[PDB]
>>> print(open('my_file15.pdb').read())   # PDB, C-alpha atoms and all ligand atoms
ATOM      1  CA  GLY A   1      19.969  -1.730  13.775  1.00  0.00           C
ATOM      2  CA  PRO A   2      23.027  -0.299  15.528  1.00  0.00           C
ATOM      3  CA  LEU A   3      21.439  -1.114  18.880  1.00  0.00           C
ATOM      4  CA  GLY A   4      19.512  -4.115  20.082  1.00  0.00           C
ATOM      5  CA  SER A   5      15.756  -4.229  20.060  1.00  0.00           C
ATOM      6  CA  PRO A   6      14.254  -2.113  22.879  1.00  0.00           C
ATOM      7  CA  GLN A   7      14.330  -3.397  26.439  1.00  0.00           C
ATOM      8  CA  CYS A   8      13.577  -2.122  29.897  1.00  0.00           C
ATOM      9  CA  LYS A   9      14.662  -3.148  33.352  1.00  0.00           C
ATOM     10  CA  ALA A  10      12.088  -3.749  36.095  1.00  0.00           C
ATOM     11  CA  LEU A  11      12.465  -1.415  39.067  1.00  0.00           C
ATOM     12  CA  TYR A  12       9.908  -3.417  41.042  1.00  0.00           C
ATOM     13  CA  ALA A  13       8.272  -6.823  40.802  1.00  0.00           C
ATOM     14  CA  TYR A  14       4.907  -6.878  39.084  1.00  0.00           C
ATOM     15  CA  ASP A  15       2.386  -9.632  39.518  1.00  0.00           C
ATOM     16  CA  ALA A  16      -0.074  -9.876  36.566  1.00  0.00           C
ATOM     17  CA  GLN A  17      -3.620  -8.928  37.550  1.00  0.00           C
ATOM     18  CA  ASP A  18      -5.270 -10.348  34.461  1.00  0.00           C
ATOM     19  CA  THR A  19      -4.693 -13.047  31.881  1.00  0.00           C
ATOM     20  CA  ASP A  20      -3.376 -10.485  29.371  1.00  0.00           C
ATOM     21  CA  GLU A  21      -0.719  -9.137  31.738  1.00  0.00           C
ATOM     22  CA  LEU A  22       2.958  -9.995  32.246  1.00  0.00           C
ATOM     23  CA  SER A  23       4.581 -10.782  35.581  1.00  0.00           C
ATOM     24  CA  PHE A  24       8.202 -10.073  36.388  1.00  0.00           C
ATOM     25  CA  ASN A  25      10.706  -9.684  39.189  1.00  0.00           C
ATOM     26  CA  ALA A  26      12.681  -6.594  40.123  1.00  0.00           C
ATOM     27  CA  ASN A  27      15.780  -6.295  37.887  1.00  0.00           C
ATOM     28  CA  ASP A  28      14.321  -8.533  35.163  1.00  0.00           C
ATOM     29  CA  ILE A  29      15.112  -7.428  31.631  1.00  0.00           C
ATOM     30  CA  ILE A  30      11.973  -7.245  29.509  1.00  0.00           C
ATOM     31  CA  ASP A  31      11.835  -7.104  25.735  1.00  0.00           C
ATOM     32  CA  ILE A  32       9.505  -4.346  24.617  1.00  0.00           C
ATOM     33  CA  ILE A  33       7.105  -5.270  21.809  1.00  0.00           C
ATOM     34  CA  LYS A  34       4.638  -2.364  21.922  1.00  0.00           C
ATOM     35  CA  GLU A  35       4.466   0.935  23.769  1.00  0.00           C
ATOM     36  CA  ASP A  36       0.824   1.901  24.150  1.00  0.00           C
ATOM     37  CA  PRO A  37       0.431   5.616  25.091  1.00  0.00           C
ATOM     38  CA  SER A  38      -1.525   4.554  28.215  1.00  0.00           C
ATOM     39  CA  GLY A  39       1.739   3.186  29.641  1.00  0.00           C
ATOM     40  CA  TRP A  40       0.454  -0.382  29.425  1.00  0.00           C
ATOM     41  CA  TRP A  41       3.329  -1.713  27.389  1.00  0.00           C
ATOM     42  CA  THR A  42       3.572  -5.119  25.779  1.00  0.00           C
ATOM     43  CA  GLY A  43       6.632  -7.087  26.793  1.00  0.00           C
ATOM     44  CA  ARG A  44       8.216 -10.517  26.499  1.00  0.00           C
ATOM     45  CA  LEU A  45      10.167 -12.258  29.215  1.00  0.00           C
ATOM     46  CA  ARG A  46      11.100 -15.931  29.573  1.00  0.00           C
ATOM     47  CA  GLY A  47       8.502 -17.319  27.164  1.00  0.00           C
ATOM     48  CA  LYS A  48       5.687 -15.024  28.243  1.00  0.00           C
ATOM     49  CA  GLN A  49       4.156 -12.058  26.464  1.00  0.00           C
ATOM     50  CA  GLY A  50       1.841  -9.602  28.093  1.00  0.00           C
ATOM     51  CA  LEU A  51       0.901  -6.112  29.164  1.00  0.00           C
ATOM     52  CA  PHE A  52       2.685  -4.417  32.026  1.00  0.00           C
ATOM     53  CA  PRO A  53       2.651  -0.971  33.663  1.00  0.00           C
ATOM     54  CA  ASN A  54       5.518   1.129  32.396  1.00  0.00           C
ATOM     55  CA  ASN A  55       5.908   2.937  35.720  1.00  0.00           C
ATOM     56  CA  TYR A  56       7.448  -0.295  37.057  1.00  0.00           C
ATOM     57  CA  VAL A  57      10.363  -0.167  34.608  1.00  0.00           C
ATOM     58  CA  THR A  58      13.138   1.936  33.181  1.00  0.00           C
ATOM     59  CA  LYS A  59      14.064   1.786  29.493  1.00  0.00           C
ATOM     60  CA  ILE A  60      17.680   0.698  28.901  1.00  0.00           C
TER      61      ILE A  60
HETATM   62  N1  LIG B   1      -5.159  -6.059  31.987  1.00  0.00           N
HETATM   63  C1  LIG B   1      -4.598  -4.915  31.250  1.00  0.00           C
HETATM   64  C2  LIG B   1      -5.721  -3.967  30.826  1.00  0.00           C
HETATM   65  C3  LIG B   1      -5.156  -2.587  30.488  1.00  0.00           C
HETATM   66  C4  LIG B   1      -5.478  -2.231  29.037  1.00  0.00           C
HETATM   67  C5  LIG B   1      -4.285  -2.473  28.105  1.00  0.00           C
HETATM   68  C6  LIG B   1      -4.425  -1.705  26.783  1.00  0.00           C
HETATM   69  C7  LIG B   1      -4.273  -2.615  25.552  1.00  0.00           C
HETATM   70  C8  LIG B   1      -4.704  -1.879  24.275  1.00  0.00           C
HETATM   71  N2  LIG B   1      -4.586  -2.777  23.114  1.00  0.00           N
END
>>> encode(input="my_file15.pdb", output="structure tokens")
Amino acid sequence: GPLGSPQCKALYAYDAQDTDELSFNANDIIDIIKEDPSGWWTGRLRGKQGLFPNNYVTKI
């Protein structure tokens, strides 16, 4: 593609609340794998994959 694969930048830190969730720090860059319509997106960051709330991030 002309652009990289989709990413977003965390606006706020998120601490996973379940085993299927992803934790990250504010300003972390997350690779987006899936964008569920609920806003629970699937991301990868530093050797972790998991669900995270999209209201904590901004697409870049
Ligand atoms: N712990 C996250 C639960 C929220 C539900 C995520 C939706 C996944 C749908 N495959």
>>> atom_distance(input="my_file15.pdb", atom1="atom CA of residue 52 of chain A", atom2="atom CA of residue 5 of chain A")
17.7 Å
>>> residues_near_ligand(input="my_file15.pdb", ligand="ligand LIG 1 (chain B)", cutoff="8 Å", atoms="only C-alpha atoms and all ligand atoms", output="count of residues only")
12
>>> atom_distance(input="my_file15.pdb", atom1="atom CA of residue 47 of chain A", atom2="atom CA of residue 4 of chain A")
18.6 Å
>>> atom_distance(input="my_file15.pdb", atom1="atom CA of residue 44 of chain A", atom2="atom CA of residue 12 of chain A")
16.3 Å
>>> resolve_selection(input="my_file15.pdb", expression="the PyMOL selection byres (((chain A and resi 55) around 12) and not hetatm)", output="list in words")
residues 8, 9, 10, 11, 12, 13, 14, 38, 39, 40, 41, 52, 53, 54, 56, 57, 58 and 59 of chain A
>>> closest_residue(input="my_file15.pdb", among="A:30, A:1, A:22, A:15", to="residue 50 of chain A", atoms="all atoms listed in the file")
A:22
>>> closest_residue(input="my_file15.pdb", among="A:23, A:28, A:37, A:6", to="residue 49 of chain A", atoms="only C-alpha atoms")
A:23
